[PDB]
Structure formats: structure tokens, C-alpha cells
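Undergrad: Below is the structure I would like to discuss, written out as C-alpha cells.
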Amino acid sequence: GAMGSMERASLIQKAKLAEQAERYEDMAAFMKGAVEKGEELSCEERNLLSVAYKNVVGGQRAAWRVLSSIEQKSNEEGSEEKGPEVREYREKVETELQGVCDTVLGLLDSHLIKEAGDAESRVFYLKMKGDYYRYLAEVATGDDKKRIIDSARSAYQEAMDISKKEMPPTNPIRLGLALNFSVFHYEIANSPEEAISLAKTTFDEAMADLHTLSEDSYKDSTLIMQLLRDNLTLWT
Amino acid sequence: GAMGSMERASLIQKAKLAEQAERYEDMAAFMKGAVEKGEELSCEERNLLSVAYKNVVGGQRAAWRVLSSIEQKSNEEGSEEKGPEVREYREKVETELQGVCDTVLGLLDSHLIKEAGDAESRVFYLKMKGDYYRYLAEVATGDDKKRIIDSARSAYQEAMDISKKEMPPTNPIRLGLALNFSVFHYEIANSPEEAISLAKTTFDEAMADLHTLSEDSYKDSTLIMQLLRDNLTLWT
Amino acid sequence: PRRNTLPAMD
Amino acid sequence: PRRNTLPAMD
Ligand SMILES: [Mg+2]
Ligand SMILES: [Mg+2]
Ligand SMILES: [Mg+2]
Ligand SMILES: [Mg+2]
């Protein structure tokens with residue numbers, strides 16, 4: 001990596017400057033170099049890695065869905081052939097999106113997950129792994145779409161088993177895991193009933209645990225419970 | 001250039017796809033390859049080049065001003081030394097911003113300006129040249145800050161002389177030239193009175209020419225006259 | 001109106 | 001409230 005000569009503490013400091021500059025590519029490249037120093041990450045440092053890569057991949061997903069739609073509009077009966085340009089550009093963005101996904105999964109597999117012993121670290125990385133297999137699945141069409149989807153499911157399921165046993169139902173990482181896994185059921189795995197059942201059960205168990213919380217923890221958890229409520233309102 | 005093997009018409013088509021995907025780096029790289037095919041650009045094609053590079057340089061200017069401010073906040077009396085990280089990152093973004101500016105000015109100088117015979121083409125490129133020297137001036141601090149500023153002024157002045165002689169006062173390219181040149185006076189050349197006088201004179205001459213216009217031309221011109229009115233309200 | 005996943009883009 | 005120049009960012 002090209003960050004191999006910069007101090008870990010300097011890479012973390014510059015990741016946070018880059019976030020404020022809304023320079024997410026830089027943010028991601030900094031947190032990549034930080035991971036590659038080989039030390040476990042802190043809670044704050046995990047969020048910077050998450051936030052950095054989600055904004056990079058988020059620009060590419062948005063861009064991919066615009067091009068995917070123009071391409072299909074150009075494949076109906078009564079649509080004028082515009083040449084290969086729309087397909088070539090959709091393929092280029094998709095290829096670039098896939099490289100980010102493979103890079104994030106590389107960091108998770110070398111060696112963030114095997115060294116994550118705590119519930120919070122391990123559940124966070126296994127969620128990340130399910131999310132980035134999910135992004136690969138959104139654009140997969142060929143031979144291992146099924147294997148990609150099962151890789152997402154499998155990582156999502158190990159995270160859910162650990163959070164169920166080791167974290168309270170209002171834990172933001174648990175609530176975010178369940179929000180994402182539900183959306184997986186709904187739009188990747190074609191299990192809308194599984195998607196809705198996970199969302200209600202997650203909302204209800206958290207509701208019944210809010211009484212144990214500080215005002216600050218309450219604002220954190222309720223924020224995410226409202227995302228679950230919104231999804232449910234949309235699917236029902 | 002890495003676009004040298006793609007058809008000019010395919011590069012223009014993909015610049016427009018990239019705009020819709022809000023993929024401005026791609027948009028800029030496409031319109032660079034288009035310019036480098038060596039043919040003059042059309043009115044539509046000039047706008048795509050303008051729009052592409054302004055969004056790239058716009059993200060870098062925004063980012064530069066965030067870092068520039070954090071850096072100065074860290075240079076006051078009573079500010080804790082945070083090491084060189086803020087300065088190094090500001091320098092890196094600024095260096096990257098300068099390379100875009102030099103790239104745009106390279107296209108203008110090789111060979112867009114010398115081949116622009118029409119009023120509309122020539123005034124558009126000379127404006128572009130003043131704008132990108134201005135972006136260099138926003139971050140210049142050393143030996144040729146003065147020469148950079150005079151390069152911006154000089155290009156801005158040739159464009160103004162041609163538009164004055166060859167275009168009506170409501171011409172959007174004339175009105176945009178004058179908006180930008182006024183802002184140059186105000187915040188680069190330290191001539192706020194010159195900035196305000198240019199804005200009133202530009203607003204008033206256009207006002208008195210609106211009667212000659214179609215409804216569509218009217219909406220185009222009035223839009224820009226309102227930007228001049230807003231600047232004037234802010235400086236007075 | 002798009003379904004929510006976390007984290008959210010800037 | 002920032003002074004206006006053209007073109008404007010997306
Ligand atoms: Mg290095
Ligand atoms: Mg049912
Ligand atoms: Mg090529
Ligand atoms: Mg005065």
C-alpha cells in the first residue's frame with residue numbers, strides 16, 4: 001500500500017480531516033493504510049472505516065442504478081439502438097464498484113475478522129462482510145450470484161447469532177445489523193415475509209429494553225428503531 | 001491520453017451518461033479525450049466540458065477551504081500543536097486542485113483558444129481561462145501570485161472586449177463572464193468598488209435589452225441577472 | 001422514498 | 001450565504 005510510510009496515528013487524523021472535507025476516497029485510502037498497519041481497530045476507528053467505504057460504494061451504487069435503468073429503457077420494444085456505449089459505461093462503473101467490494105472484503109479477511117475476539121468488534125466486521133457481499137449481489141447476474149448471496153447470508157447469520165447471545169436488543173450495532181439483514185431478505189433473497197418478521201421482532205424487543213437506557217443511548221437506539229419502522233410502513 | 005482509442009461521438013455520449021450518474025471525474029475525463037481528438041467543440045459540447053471540470057474543481061475548492069480554516073484555527077495563540085498532518089493534507093488537496101487547473105488551461109492553450117474564431121466560442125474559452133487562473137489565485141501564496149492574478153485579469157478583459165463588441169447585453173455567456181469577473185475584482189484583486197460597478201452596469205444594460213427577447217431567452221437571462229442582483233445585495 | 005440501510009451516505 | 005459564480009456545482 002502507498003500509505004505504508006505514514007504513521008497510523010497520522011492516517012487516523014487525516015481520515016477525520018477528509019470526512020470534514022467530504023473527501024471519502026481519501027478517507028477510505030487513509031483507513032485502508034491504518035488497517036494494513038496490522039493492529040486491531042478501536043470502536044471510533046471501525047466507524048471511520050465503515051463511513052469512509054460506504055460513501056465511496058454509495059456514489060458507485062447510485063451511479064450504477066442510473067446507468068442500469070437507462071440501459072433497460074434502451075432494451076424495450078420501440079427503443080432506438082444507441083450503440084454499446086450505455087452497456088460499456090455501466091460495466092466500467094460496476095467493475096470499479098466490484099474492486100471496492102473486493103478491497104473491503106480483503107481487509108475483513110486479512111486479518112480483521114480472525115483477530116476480532118470481542119462481541120462488538122466481531123459483529124461489526126461480520127455485518128460489514130454481509131453488506132459488501134450484498135453490494136456484489138445487487139449487480140451479480142452469472143455463475144456465482146447464488147454463492148455471493150449465500151456468502152452475504154452466512155456472514156449476516158453469524159453476526160446475528162453473536163449479537164443475540166452477547167448484546168442487548170437496543171445495541172445500535174445489533175439494530176443496524178437487523179435493519180440491513182431485513183433489507184437483504186426483502187430485495188436480494190426474495191423473502192419479503194422474512195424481511196418484515198425480522199423488522200417487527202427487532203423493533204419490539206428493542207422497545208421493551210429502552211427503559212434500561214440513558215437519555216444518550218435512548219436517542220442512539222430510537223433513531224435506528226425509526227429506520228426499522230419506516231421500512232415496515234413501506235413494505236406493509 | 002487513455003481516451004485516444006474511443007470514438008469522439010462515444011466520448012460525448014458517455015460524458016452525458018456520466019453527468020446523469022453525477023460521475024464528474026468520468027465526465028471530465030471523457031470531455032478531455034473529446035477535446036484531444038483535435039476538432040473544435042459545439043456549443044452543447046463546450047457546456048459539457050465546463051460543467052464536468054467545474055464540479056471536479058468545485059469539490060476540491062470546498063475541501064481546500066475546510067482544511068485551510070482548520071489549519072488557521074491551529075495557528076492562533078492558545079491552539080494546541082497537532083503536528084504537520086493538517087498542513088500536509090491541505091498541500092495534497094491543493095496540489096491535486098492545481099493539476100486540474102493546469103490540465104484545463106492546457107486544453108484551452110492546446111489548442112481550443114487559437115482555433116475559436118466565433119464570438120461565442122472565443123468568449124467562452126477566454127472566460128474559462130480567467131476562471132481557472134482565478135482558482136489558482138485562490139490558493140497561490142508565493143513568487144507568481146501576482147502573475148497568476150494578471151493572467152486571470154488579462155483573459156477576463158479580452159473576453160469582455162469581444163462580448164462588448166459582438167454579443168447583446170442579455171447574452172448568457174456575456175452575463176456569466178461579468179458575474180465571474182466582478183467576483184474576481186471583489187475577492188482576488190481587492191477592488192470591491194470595481195466589482196460592484198461592473199455588477200450594476202451589467203444588470204442595468206441587460207434589463208434595458210430584455211424587451212428584444214423570446215420567453216425562453218428571457219428565463220435564461222433573468223436567471224443570471226438575479227445572481228448579479230444577489231451579489232450586489234451581499235456587498236452593499 | 002427508498003428503504004433505509006446503515007450507515008447512510010453523506 | 002456565498003457569492004454566486006457560474007457555472008454552479010451539482
Ligand atoms: Mg506512504
Ligand atoms: Mg403474508
Ligand atoms: Mg482509449
Ligand atoms: Mg464606495
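Naming works like this for the C-alpha cells: A, B, ... for the chains as they're shown, residue 1 at the start of each chain, ligands 1 onward in shown order.
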Using only C-alpha atoms and all ligand atoms, determine which residues fall within 9 Å of ligand 3, then list them as a PyMOL selection string.

TA: chain B and resi 1-7+33

Undergrad: Go ahead and save the picked residues with N, CA and C atoms, as an mmCIF file, in the first residue's frame.

TA:
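Final file, out37.cif:
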data_model
loop_
_atom_site.group_PDB
_atom_site.id
_atom_site.type_symbol
_atom_site.label_atom_id
_atom_site.label_comp_id
_atom_site.auth_asym_id
_atom_site.auth_seq_id
_atom_site.Cartn_x
_atom_site.Cartn_y
_atom_site.Cartn_z
ATOM 1 N N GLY B 1 -3.282 10.477 -24.109
ATOM 2 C CA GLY B 1 -4.490 10.260 -23.266
ATOM 3 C C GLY B 1 -5.039 8.842 -23.390
ATOM 4 N N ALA B 2 -5.680 8.346 -22.319
ATOM 5 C CA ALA B 2 -6.220 6.968 -22.215
ATOM 6 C C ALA B 2 -7.577 6.882 -22.920
ATOM 7 N N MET B 3 -8.053 7.988 -23.499
ATOM 8 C CA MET B 3 -9.341 8.050 -24.240
ATOM 9 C C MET B 3 -9.082 8.048 -25.745
ATOM 10 N N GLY B 4 -7.799 8.018 -26.135
ATOM 11 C CA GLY B 4 -7.313 8.095 -27.531
ATOM 12 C C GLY B 4 -7.850 6.991 -28.438
ATOM 13 N N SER B 5 -8.297 5.855 -27.890
ATOM 14 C CA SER B 5 -8.847 4.734 -28.703
ATOM 15 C C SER B 5 -10.385 4.765 -28.781
ATOM 16 N N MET B 6 -11.064 5.664 -28.064
ATOM 17 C CA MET B 6 -12.543 5.735 -28.099
ATOM 18 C C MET B 6 -13.007 6.823 -29.083
ATOM 19 N N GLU B 7 -14.086 6.539 -29.817
ATOM 20 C CA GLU B 7 -14.712 7.465 -30.797
ATOM 21 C C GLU B 7 -15.180 8.747 -30.101
ATOM 22 N N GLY B 33 -10.761 13.700 -23.499
ATOM 23 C CA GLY B 33 -10.494 12.864 -24.690
ATOM 24 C C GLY B 33 -11.145 13.424 -25.940
#

Undergrad: Please superimpose chain D upon chain C, fitting all C-alpha atoms matched one to one in order, and report the result as a short mmCIF file (atom, residue, chain, number, x, y, z; two decimals) with N, CA and C atoms, in the first residue's frame.

TA:
data_model
loop_
_atom_site.label_atom_id
_atom_site.label_comp_id
_atom_site.auth_asym_id
_atom_site.auth_seq_id
_atom_site.Cartn_x
_atom_site.Cartn_y
_atom_site.Cartn_z
N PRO D 1 -39.42 7.34 -2.29
CA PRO D 1 -38.96 7.06 -0.89
C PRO D 1 -38.22 5.71 -0.76
N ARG D 2 -36.91 5.71 -0.52
CA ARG D 2 -36.06 4.48 -0.58
C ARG D 2 -35.91 3.85 0.82
N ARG D 3 -35.96 2.51 0.89
CA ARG D 3 -35.76 1.74 2.15
C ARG D 3 -34.40 2.13 2.75
N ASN D 4 -34.28 2.03 4.07
CA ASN D 4 -33.11 2.51 4.83
C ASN D 4 -32.19 1.33 5.10
N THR D 5 -30.88 1.54 4.95
CA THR D 5 -29.77 0.69 5.45
C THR D 5 -28.73 1.59 6.12
N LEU D 6 -27.91 1.03 7.01
CA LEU D 6 -26.90 1.80 7.76
C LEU D 6 -25.49 1.28 7.43
N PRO D 7 -24.46 2.15 7.44
CA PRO D 7 -24.65 3.59 7.65
C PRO D 7 -25.30 4.22 6.41
N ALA D 8 -25.71 5.49 6.50
CA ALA D 8 -26.27 6.28 5.38
C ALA D 8 -25.18 7.16 4.75
N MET D 9 -25.27 7.39 3.44
CA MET D 9 -24.39 8.33 2.71
C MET D 9 -24.50 9.74 3.29
N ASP D 10 -23.44 10.53 3.13
CA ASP D 10 -23.40 11.98 3.45
C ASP D 10 -24.43 12.70 2.56
#

Undergrad: Do you have, as CSV, the list of residues of chain A lying at most 10 Å from ligand 2, each with its nearest atom pair and that distance in Å to one decimal, counting only C-alpha atoms and all ligand atoms and ordered by chain then number?

TA:
residue,atom,partner,partner_atom_place_in_ligand_line,distance
A:192,CA,ligand 2,1 (Mg),8.5
A:193,CA,ligand 2,1 (Mg),6.1
A:194,CA,ligand 2,1 (Mg),9.6
A:196,CA,ligand 2,1 (Mg),9.2
A:197,CA,ligand 2,1 (Mg),9.9
A:236,CA,ligand 2,1 (Mg),9.5

Undergrad: For the residues in the current selection, export C-alpha atoms as a compact mmCIF listing (two decimals), in the first residue's frame.

TA:
# COMPACT_ATOMS: atom_id res chain seq x y z
CA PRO A 192 -40.23 -10.23 1.93
CA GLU A 193 -42.09 -12.03 4.78
CA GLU A 194 -38.73 -12.97 6.41
CA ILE A 196 -40.88 -7.95 7.63
CA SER A 197 -40.81 -10.53 10.52
CA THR A 236 -46.88 -3.12 4.58

Undergrad: Any idea what's packed within 8 Å of residue 61 in chain A, counting only C-alpha atoms, ignoring anything in its chain fewer than 4 positions away? Could you give it as a list in words?

TA: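 That gives residues 57, 65, 97 and 135 of chain A.
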
Undergrad: Produce a file of the selected residues containing N, CA, C and O atoms, as a CSV table (one decimal), in the first residue's frame.

TA:
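And here's again.csv as it stands now:
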chain,number,residue,atom,x,y,z
A,57,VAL,N,-18.6,3.5,-2.0
A,57,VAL,CA,-19.5,2.5,-2.7
A,57,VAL,C,-20.9,3.1,-2.9
A,57,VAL,O,-21.6,2.7,-3.8
A,65,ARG,N,-27.2,2.3,-10.7
A,65,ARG,CA,-28.7,2.2,-10.8
A,65,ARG,C,-29.2,3.2,-11.9
A,65,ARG,O,-30.1,2.8,-12.6
A,97,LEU,N,-16.9,-0.6,-8.8
A,97,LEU,CA,-17.7,-0.9,-7.6
A,97,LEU,C,-17.3,-2.3,-7.0
A,97,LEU,O,-17.2,-2.4,-5.8
A,135,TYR,N,-23.6,-5.9,-1.8
A,135,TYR,CA,-23.4,-4.9,-2.9
A,135,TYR,C,-23.0,-5.7,-4.1
A,135,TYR,O,-23.4,-5.3,-5.2

Undergrad: So that each row is one residue of chain B with an atom at most 8 Å from chain D, can you give its shortest atom pair and the distance in Å to one decimal, using only C-alpha atoms, rows by chain and rising number, as CSV?

TA:
residue,atom,partner,partner_atom,distance
B:22,CA,D:10,CA,7.9
B:50,CA,D:7,CA,7.5
B:51,CA,D:7,CA,6.7
B:54,CA,D:9,CA,6.7
B:55,CA,D:9,CA,5.1
B:58,CA,D:9,CA,6.4
B:176,CA,D:6,CA,6.0
B:179,CA,D:5,CA,6.2
B:180,CA,D:5,CA,5.3
B:183,CA,D:5,CA,7.3
B:227,CA,D:4,CA,6.0
B:228,CA,D:4,CA,7.8
B:230,CA,D:3,CA,7.5
B:231,CA,D:3,CA,5.5
B:234,CA,D:3,CA,7.5

Undergrad: Just to be explicit: take each residue in the selection above, keep C-alpha atoms, and write the result as an mmCIF file, in the first residue's frame.

TA:
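again_30.cif, written as the output of this step:
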data_model
loop_
_atom_site.group_PDB
_atom_site.id
_atom_site.type_symbol
_atom_site.label_atom_id
_atom_site.label_comp_id
_atom_site.auth_asym_id
_atom_site.auth_seq_id
_atom_site.Cartn_x
_atom_site.Cartn_y
_atom_site.Cartn_z
ATOM 1 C CA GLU B 22 -23.280 12.507 -11.079
ATOM 2 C CA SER B 50 -17.403 23.459 -18.495
ATOM 3 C CA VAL B 51 -19.923 21.547 -16.316
ATOM 4 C CA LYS B 54 -16.384 22.939 -12.569
ATOM 5 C CA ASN B 55 -17.895 20.057 -10.482
ATOM 6 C CA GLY B 58 -15.694 22.583 -7.050
ATOM 7 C CA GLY B 176 -21.860 34.865 -16.752
ATOM 8 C CA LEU B 179 -20.731 37.819 -12.844
ATOM 9 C CA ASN B 180 -17.367 35.920 -12.580
ATOM 10 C CA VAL B 183 -16.278 38.297 -8.134
ATOM 11 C CA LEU B 227 -27.233 36.106 -9.483
ATOM 12 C CA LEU B 228 -25.785 39.652 -10.170
ATOM 13 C CA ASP B 230 -27.804 38.720 -5.134
ATOM 14 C CA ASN B 231 -24.037 39.515 -5.185
ATOM 15 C CA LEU B 234 -24.492 40.957 -0.286
#

Undergrad: When you get a sec, could you note down which chain A residues fall within 6 Å of chain B, using only C-alpha atoms, as number ranges by chain?

TA: A: 21, 63, 66

Undergrad: Restricted to C-alpha atoms, what would the selected residues look like written as a PDB file, in the first residue's frame?

TA:
ATOM      1  CA  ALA A  21     -13.718  17.895   3.643  1.00  0.00           C
ATOM      2  CA  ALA A  63     -24.377   5.750 -10.477  1.00  0.00           C
ATOM      3  CA  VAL A  66     -28.943   5.349 -13.080  1.00  0.00           C
TER       4      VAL A  66
END

Undergrad: Taking the DSSP assignment computed from this structure's backbone, write out as a PyMOL selection string all residues of range 37-177 of chain B that belong to helix (DSSP H, G or I).

TA: chain B and resi 43-73+85-115+119-139+145-166+172-177

Undergrad: Which residues come within 9 Å of range 38-46 of chain A, counting only C-alpha atoms, excluding same-chain residues fewer than 6 positions away, as an MDAnalysis selection string?

TA: chainID A and resid 12 31 110:112 115:116 120:121 124:125

Undergrad: So the first atom is CA of residue 163 in chain B and the second is CA of residue 226 in chain B; what is the distance between them in Å, to one decimal place?

TA: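 Interatomic distance here is 19.8 Å.
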
Undergrad: Do you have the CA of residue 206 in chain B-CA of residue 175 in chain B distance handy?

TA: 8.2 Å

Undergrad: Could you please determine the separation between CA of residue 171 in chain A and CA of residue 47 in chain A in Å, to one decimal place?

TA: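 According to the coordinates, CA of residue 171 in chain A and CA of residue 47 in chain A are separated by 14.8 Å.
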